[PDB]
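Peer 1:
Protein chains: 2
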Amino acid sequence: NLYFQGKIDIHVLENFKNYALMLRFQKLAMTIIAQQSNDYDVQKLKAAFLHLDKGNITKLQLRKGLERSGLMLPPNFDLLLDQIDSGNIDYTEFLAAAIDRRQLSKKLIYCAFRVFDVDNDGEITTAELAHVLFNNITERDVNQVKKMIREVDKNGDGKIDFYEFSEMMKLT
Amino acid sequence: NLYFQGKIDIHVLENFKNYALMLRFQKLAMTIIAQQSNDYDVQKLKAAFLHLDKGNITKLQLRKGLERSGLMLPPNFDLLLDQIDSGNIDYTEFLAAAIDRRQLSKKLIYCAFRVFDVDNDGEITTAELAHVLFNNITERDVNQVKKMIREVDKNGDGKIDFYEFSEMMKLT
Ligand SMILES: [Ca+2]
Ligand SMILES: [Ca+2]
Ligand SMILES: [Ca+2]
Ligand SMILES: [Ca+2]
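Chains A and A', in that order, give the protein sequences. A prime marks a further copy of an entry chain.
Using the deposited numbering, the letters of the first sequence correspond one by one to residues 13 to 65, 69 to 100, 104 to 153, 159 to 195.
Using the deposited numbering, the letters of the second sequence correspond one by one to residues 13 to 65, 69 to 100, 104 to 153, 159 to 195.
Okay, structure coming up:
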C-alpha cells in the first residue's frame, strides 16, 4: 500500500535531527578551536570582544572591537555579518567564521577532540558525545547521537576516532 | 618588523568574508533544492508551511504543520530546532535541514546549478555568482565572490563547473 507506506515514512524528521545535532557538534568543536587558537590575530579579537562583554555583544560593539583592533571594515560588512547570525552577535561564532577550517593544524584539532574524548582513549563514543552535546541526559538523547555520527563514522564502528573527527572539521 | 607585519595582517577578515559568502551560497542552493525536491514527504511539508505563511512562521506554527502532517515530534524537538534558527523560523531552512545532502541526485543538484549558471554554458563564473548572491552590484562585490570560490574551485580556473558545485553540495 504505497499511500500507506508513504504516510508512515519518517525520514524527514530523521534527517533534520541528524542535521541539527551535527551542527551543534561542529559549533561546539569550533568554539574550542577558537578559544585555543594560537593565531594571535584571532586571540586579540577574542580578548577585545571579552572586555566588551554571556558570549553576546551588539553588532555595533563587534564592529567597534574590530575597528579598535586596527581593521578597516568593508562597506558591506553588515550584510556579511547577517549571514552568520535582534542586533546582537555570539562573537565566538564570528571568531569561528574567521578561522580557515581546511588549514587547521593537527594540534589545534586535537585540543577540540580531547574535550569530546573525555576518557582520553582516542575514541569519541556515543555516550561521550551525548555527554558533550547535552550535558540529566536520557536514553533517547544517547540514541539520537548514535544516529547522527553515521555520516562521519567512516569505519562503521560506532565511534569517532581522531582521523574521522579531523576529516569532519577540515570539511574534508 | 614582525610586530608591524602582524599589525597589518588582515587574514581574519578575509576568512570571515569567505565564510559568510560561502554560507549564503549554500543556503541559496539548498533553497532551490528544497523547492524542486521530488521527495513528496518534503513537498507536503513545504505546502503545509506555505498555507500557514515572507518565508517566516512561528516555531509553534512549524510544530503544528508537522503534527498536522501526521508526525509525532520528539520530546526535545524545540532544542533541535534552536540549532538551525524571537520564536520565528525560516521554514525553507527547516526543509533544507530535512534533506540528506550526501544523497542528492544529479538531477536535483542540476536544478540548483542551472540557477547560478545563468547563461547555461556549464560554468558558474564570478559575475554569474555575484549576480545570484547580491542581485546594483559593485566592483567590490564581484571580487569578494572571486576570493570565496577558491576553496571549491578545484581546477583553479576561476569558475565553478558542475562537478565542483556537486562536490560542494554533497559535502564531499
Ligand atoms: Ca574515549
Ligand atoms: Ca569510527
Ligand atoms: Ca555560465
Ligand atoms: Ca573550476
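Yeah, the Cβ is synthetic: ideal placement off N, Cα and C, and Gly gets one too.
Just checking my contact of A:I127 with A:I183 at CB under 8 Å: how many whole Å lie between their CB atoms?
Peer 2: So it is not a contact: roughly 12 Å between Cβ atoms.
Peer 1: For A:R120, which residues of its own chain have a beta-carbon under 7 Å away from its beta-carbon, when the five flanking residues on both sides are left out?
Peer 2: Hits under 7 Å: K193, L194 and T195.
Peer 1: Flag A':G181 as yes when its Cβ comes closer than 8 Å to any non-hydrogen atom of ligand 4, and as no otherwise.
Peer 2: Because some heavy atom of ligand 4 lies under 8 Å away, the Cβ of A':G181 counts as near it: yes.
Peer 1: Going along the chain, which residues of its own chain have a beta-carbon closer than 7 Å to the beta-carbon of A:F134, five neighbours each way excluded?
Peer 2: Non-local C-beta neighbours of A:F134 in its own chain, meaning closer than 7 Å and more than five positions away in sequence, comprise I142, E146, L147 and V150, ordered along the chain.
Peer 1: So does A':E146 have its beta carbon nearer than 8 Å to some heavy atom of ligand 3?
Peer 2: yes
Peer 1: Going along the chain, which residues of the segment 86 to 98 of chain A sit with their C-beta nearer than 9 Å to a C-beta in chain A'?
Peer 2: Taking 9 Å as the Cβ-Cβ cut-off against chain A', the residues of the segment 86 to 98 of chain A that qualify are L86, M87, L88, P89, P90, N91, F92, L94, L95, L96, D97 and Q98.
Peer 1: Taking the alpha-carbon positions, what's the A':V168 to A':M34 distance?
Peer 2: 9 Å
Peer 1: Cutting at 8 Å between CB atoms, please list the residues of its own chain near A:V54, excluding the five before and the five after it.
Peer 2: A46, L113, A116 and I117
Peer 1: Note down, in chain order, each residue of its chain lying with its Cβ closer than 8 Å to the Cβ of A:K177, except the 5 sequence neighbours on either side.
Peer 2: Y186, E187 and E190
Peer 1: Going along the segment 104 to 123 of chain A in order, which residues come within less than 8 Å of chain A', judged by CB to CB distance?
Peer 2: Hits within the stretch, in order: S104, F112, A115, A116, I117, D118 and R120.
Peer 1: In angstroms, rounded to a whole number, what distance separates the CA positions of A:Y31 and A':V165?
Peer 2: 31 Å
Peer 1: If the criterion is Cβ atoms closer than 9 Å, does the pair A:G181 and A:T144 meet it?
Peer 2: yes
Peer 1: Could you tell me if A:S49 is buried or exposed, where buried requires 16 or more neighbouring beta carbons within 10 angstroms of its beta carbon?
Peer 2: buried
Peer 1: May I ask which residues mark the beginning and end of the alpha helix (DSSP H) holding A:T144?
Peer 2: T144 to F152
Peer 1: For a quick check, are the C-beta atoms of A:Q98 and A':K58 less than 9 Å apart?
Peer 2: no
Peer 1: Closer than 7 Å is what we want: which residues have a beta carbon that near any heavy atom of ligand 3? List them in chain order.
Peer 2: A':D135, A':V136, A':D137, A':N138, A':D139, A':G140, A':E141, A':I142, A':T143 and A':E146
Peer 1: Taking 9 Å as the CB-CB limit, is A':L57 close to chain A?
Peer 2: yes
Peer 1: What residues from chain A' crowd round A:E174, counting only those whose CB sits closer than 8 Å?
Peer 2: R120
Peer 1: What does DSSP give as the partner residue(s) for A:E141 in the beta ladder?
Peer 2: A:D184
Peer 1: Do you know how far the Cα of A:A41 is from the Cα of A:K124?
Peer 2: 14 Å
Peer 1: Nearest to A:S104 by alpha carbon, out of A:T43, A:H63 and A:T73?
Peer 2: Measuring from the Cα of A:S104, the nearest candidate turns out to be A:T73.
Peer 1: Let me check understanding here. Comparing Cα to Cα, which of A':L25, A':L95 and A':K69 lies closest to A:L95?
Peer 2: A':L25
Peer 1: Under 8 Å from any heavy atom of ligand 2, does the C-beta of A:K177 make it?
Peer 2: True, at least one ligand heavy atom lies under 8 Å from that Cβ.
Peer 1: Could you tell me the distance, in whole angstroms, from the CA atom of A:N13 to the CA atom of A':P89?
Peer 2: 26 Å
Peer 1: Of the residues that make up the segment 120 to 153 of chain A, which ones have a beta carbon closer than 8 Å to any beta carbon in chain A'?
Peer 2: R120
Peer 1: Which one or two residues does DSSP pair with A:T110 in a beta bridge?
Peer 2: Beta-bridge pairing links A:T110 to no other residue.
Peer 1: Is there a Cβ from chain A' that is less than 9 Å from the Cβ of A:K39?
Peer 2: Yes, because at least one Cβ of chain A' sits closer than 9 Å to the Cβ of A:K39.
Peer 1: Reducing DSSP to helix, strand and coil, say where A':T195 ends up.
Peer 2: coil
Peer 1: Hey, would you say the C-beta of A:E187 is under 8 Å away from at least one heavy atom of ligand 2?
Peer 2: yes
Peer 1: Buried or exposed: A':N153, going by 16 or more other Cβ atoms within 10 Å of its Cβ?
Peer 2: Classification of A':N153: exposed, given that the 10 Å Cβ count is below 16.
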